[PDB]
Every structure is written in C-alpha cells, then in structure tokens.
Amino acid sequence: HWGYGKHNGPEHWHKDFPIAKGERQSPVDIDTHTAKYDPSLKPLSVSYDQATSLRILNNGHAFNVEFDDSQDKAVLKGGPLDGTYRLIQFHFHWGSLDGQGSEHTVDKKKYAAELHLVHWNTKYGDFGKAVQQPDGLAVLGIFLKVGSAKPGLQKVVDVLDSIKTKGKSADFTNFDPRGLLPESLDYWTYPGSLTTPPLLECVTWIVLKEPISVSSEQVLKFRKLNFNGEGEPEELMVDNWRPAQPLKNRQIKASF
Ligand SMILES: Cc1ncc([N+](=O)[O-])n1CCOS(N)(=O)=O
Ligand SMILES: [Zn+2]
C-alpha cells in the first residue's frame, strides 16, 4: 500500500509501520560540524573484484541491480564494521528535479540522487535473518550530483528501457559496481534503519563524503521509469526518497 504519493507517502508510513517514529530511523541530515572524527575507525574495505550481478528489477519503488550472494564474492568490511558483509543489491533514490532526490542530506544540502549498496552480515546466514538484527546490514550510500557523466553507470542507464514498469526484470550480468565509486572512501557513519517500509532498525549506515557526478541525460533516464505496472495510468518514478528523520539519541562519526 505504501508509496511516495500524497496519500501513501512517508508521512503515512507510521500507520502500517509504527517503527517509522522509532529511535534510530534513516535517513538523517549529516551536520558536518557536529559529526566527530573517530581516529579509531578503520579504513573501509570494499572488495568488489569478484562481484557477480544477475538481474535488474523495477519493484515499483526503485530499480534494483541484484547480485549472487551465495558465496563471499563482493564484501564490505572494516570501517565501523565488525565482521564481513556481503553485497546483495544496489539501487538509487532520485528526484523530479536536480535540486532534490537524496535521502541523506549534508548540512541540509540535498543531492540529485543517492546510491545505496546493500550488504548483509554473514554471521546471520542470509538477508532475511540479518534484517531482524541490530547489526544485520551495512548500506554504503553515495551521493550523485549532476555534471559530467559517470561512464560506469551507463550500462545501467541503457537497460532501463526494458524494465520501465513495476514487476519488469531483465538479465544483467557482468556489471562491475566498482565503476560507481568515487575516488575517496572518506565517510560518515551512524546506526540507522532501512529507509522504506518495513523500516527495520538493522542498518549501519556508511555514507561517503565524496559524491560521484552523473550527466543530466543519465539522471533524466531514471525519471522516465514508472511506479505503475504495465497497462496502468503512468506515474513517473521520481522523488522516491524519504526525508531526513530525527537524529534523536545518536552521534554521527567521521572517518576523516
Ligand atoms: C525494504 C528493503 N529491504 C531490502 C532493501 N534493499 O536491499 O534495497 N530494501 C529497500 C530499502 O533499502 S534502503 N533504502 O534502506 O537501502
Ligand atoms: Zn535505498
């Protein structure tokens, strides 16, 4: 039932998912002057050399590029994490205009979009069990700004024509997620939640300071996708982002 419309959007989610007003909800505004440098944080370790993508799916809210996570092939570790987290999928949140689209904000600044690389803690055996744990997931967030094109993102942009509407999927093998990373791995980290229902509070958020640049043409294609299924009135898939939530009793730590 939930969505991003006027009648089923973020302000309505708490009715079906009370945890929406919880103590560690995401996203949040990252106040750069209040985040504290934590010299103890370890460098982040992103090992995607063996990543195996499989498919791309329009699920009615976003498009997901899914990976084979049946073996340790693409893992995130280090940083604030204890253990190894395996990549399961990545997706984006974007706006109807370049002035908005990201979920996290930096000193209230909204970026044109935000990429989320979702990983689950291998100590829990699988994704379904991991989401029921406070340290079950690690999501790496990367901001997108509009400027020069991101060569590594083009294969994704080009396949979107084939999954225009809800429920459509397409084979999507050999896509290298390393092509979506900025140069620097400096980051902010805080304990949070999934940003869409069920809004489970099982995420260690790791948000990179350096955004990647994508072209106006690339983000324009994102905006041609549909929230609706085929044969239904067209509603463009835009502004599929949840606004910043109360930080409450949390400190955002910086790796730099
Ligand atoms: C609800 C849910 N379960 C798993 C995923 N996922 O992997 O994208 N999501 C979507 C929301 O994920 S997110 N925005 O919190 O990174
Ligand atoms: Zn997301």
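Whatever order the structure lists ligands and atoms in, that order sets their numbers, starting from 1. Throughout, numbering of the chain's residues begins at 1 and tracks the sequence.
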message: To check your reading of the model: name the closest protein heavy atom to atom 15 (O) of ligand 1, its residue, and the distance in Å.
response: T195 N, 2.8 Å

message: For the metal site, I want the angle between atom ND1 of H116 and atom NE2 of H91 with the Zn ion (ligand 2) at the apex, to 10°.
response: 110°

Under-4.0 Å heavy-atom contact with ligand 1, by part of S26 that carries it: neither

- request: Can you label the angle between the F90 ring and the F175 ring as parallel, tilted or perpendicular, going by 30° and 60°?
  value: tilted

field: atom 12 (O) of ligand 1 - nearest protein heavy atom and its distance
entry: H91 CE1, 3.7 Å

query: More than 12 heavy atoms of other residues, nucleotides or ligands under 6.0 Å from NZ of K73: is that the case?
result: yes

message: Is the ring pair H116/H104 parallel, tilted or perpendicular, if the boundaries are 30 and 60 degrees?
response: perpendicular

message: For atom 7 (O) of ligand 1, which of the options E103, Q89, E114 provides the nearest non-hydrogen atom?
response: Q89

field: Neighbour count >12 (heavy atoms, 6.0 Å) for atom NZ, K248
entry: yes

query: Do other residues, nucleotides or ligands put more than 12 heavy atoms under 6.0 Å from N174 CG?
result: no

message: Can you name the atoms of ligand 1, numbered from 1 with element, that are less than 4.0 Å from a heavy atom of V118?
response: 6 (N), 7 (O), 8 (O), 16 (O)

query: Heavy atom of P197 under 4.0 Å from ligand 1?
result: yes

- request: Verify, without hydrogens or angle tests, whether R242 (side chain) and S26 (backbone) share a donor-acceptor contact under 3.5 angstrom.
  value: yes

- prompt: Would you call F127 a ligand 1 contact, heavy-atom distance under 4.0 Å?
  reply: yes

statement: protein heavy-atom neighbour closest to atom 1 (C) of ligand 1 works out as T196 OG1, 3.1 Å

- prompt: Can you tell me if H93 has a non-hydrogen atom under 4.0 Å from ligand 1?
  reply: yes

query: Would you say the ring centroid of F256 lies under 6.0 angstrom from that of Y37?
result: no

